[PDB]
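Given next are two forms of a protein chain, the same chain in both, each as structure tokens and marked structure 1 or structure 2.
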Structure 1
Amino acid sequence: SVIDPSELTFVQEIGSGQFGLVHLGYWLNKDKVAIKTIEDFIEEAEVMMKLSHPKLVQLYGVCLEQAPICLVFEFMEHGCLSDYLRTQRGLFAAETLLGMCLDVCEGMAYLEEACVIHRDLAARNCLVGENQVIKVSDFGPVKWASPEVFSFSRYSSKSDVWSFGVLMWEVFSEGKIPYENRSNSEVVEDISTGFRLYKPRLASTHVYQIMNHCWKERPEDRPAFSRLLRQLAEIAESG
């Protein structure tokens, strides 16, 4: 990786060793970024900056000089996970797909520890980066919602766990639509009666046990993200 001189600006000398005269300098980098378009949200920005984790799409800064207000995010080379899964359908190995769920779970456990509620955990809100890394984004509809969320809008990290079980299904079914030909009213009726998304072929019986655990009616009966992280980390390293 060669650096063109134009990109470099020398400032001052910062001491000297025997093999190398050191200089403090400014490096002008032309890095790719993703820019989201729109006191009000100024307070939300400085907080999102503190939320730094390798499995979360990083916020770099905000642009406030009038016109549409910008938000500078980390660029994710391969786009959204939902589209990524759909185009490579029938091409994935079960180990690749468990690795994607572990990636999401790592970021979610950090958000749980930080006391941050996602409210929209779905494959479409997750992004694919370098070496098939999955990072969580859009942290600040019924298909992913738990009974307390669709019925009363009672958000908690345990409702994010319900959403995560739906995500795991999307991943293991290689980006299929949950409750495909059902309406938002039909879905509510189905879950309430006790219906659950079927076991996809690429998901082992143990992975499907985890999915149903995320889908228990009582939020207090669902595992925490910290519990899920240890669980999926063991299945990944053992096989």
Structure 2
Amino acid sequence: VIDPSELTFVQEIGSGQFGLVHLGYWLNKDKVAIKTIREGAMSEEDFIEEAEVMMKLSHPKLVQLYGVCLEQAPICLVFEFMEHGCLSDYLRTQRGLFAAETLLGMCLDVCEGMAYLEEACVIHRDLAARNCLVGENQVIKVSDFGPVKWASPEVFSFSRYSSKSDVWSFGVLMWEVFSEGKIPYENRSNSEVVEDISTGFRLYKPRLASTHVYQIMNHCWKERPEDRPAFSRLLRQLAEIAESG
């Protein structure tokens, strides 16, 4: 589903060399977010292979794609627009207005997304509040798929990604959510956080996080990947708590 240029560009709303993100409209009708590339930022093949897989993946909790622009000019990906920006950003402002029953619902949205990605054998090498989008009333959707404060030990060292590495990250994101968007290990060095985690230190439990939520957070943070629950499991565990909580 290729887009020629039926795209109107409005404002810059995101960046990182691999292109910027603009708020646009497709056909003067649909509000969209357009991710352009740069120049020699991504091989044509890299971006093509990436777009295809992204278009292969679809879940209610992942950001939806409208199409791609290979029709020249900066190459780009047209996503649906998320009316509330990125979670992290939403969690920081709005701080003090969240009910625990609301923050957990958020975590559950990213978990459903992540369960889907997990089964699809996809690894989100950078799961964090900054890559989650808020839209249709609180609904959280994961994006930027297809930062050692979020890396599991196996990543720190061997750079061994996996589905479990994601869960570890998910754990940090939960901390992020429940702390209403605070910086994990803020006052600390990368070549310092590794020290603490390696000894058994874990992010402190946020006030809004109940001991039961914290428990799961600590299960995502087990040293061994195999000791961590799959997202498929995290989802059901989070559900129970939420249900009763």
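Sequence positions of structure 1, starting at 1, serve as the residue numbers. In this text, the rigid core denotes the largest set of C-alpha atoms whose superposition between the two forms falls within 1.5 Å.
Core-aligned CA deviation for residue 221 between structure 1 and structure 2: less than 2 Å. Fitting the two forms on the rigid core leaves the C-alpha of residue 27 displaced by at least 2 angstroms between structure 1 and structure 2. After superposing the rigid core, the C-alpha of residue 180 moves by less than 2 Å between structure 1 and structure 2. Core superposition places the Cα of residue 45 1.7 Å apart between structure 1 and structure 2. Comparison between structure 1 and structure 2 places the CA of residue 12 38.8 angstrom away from its other position, after core fitting.
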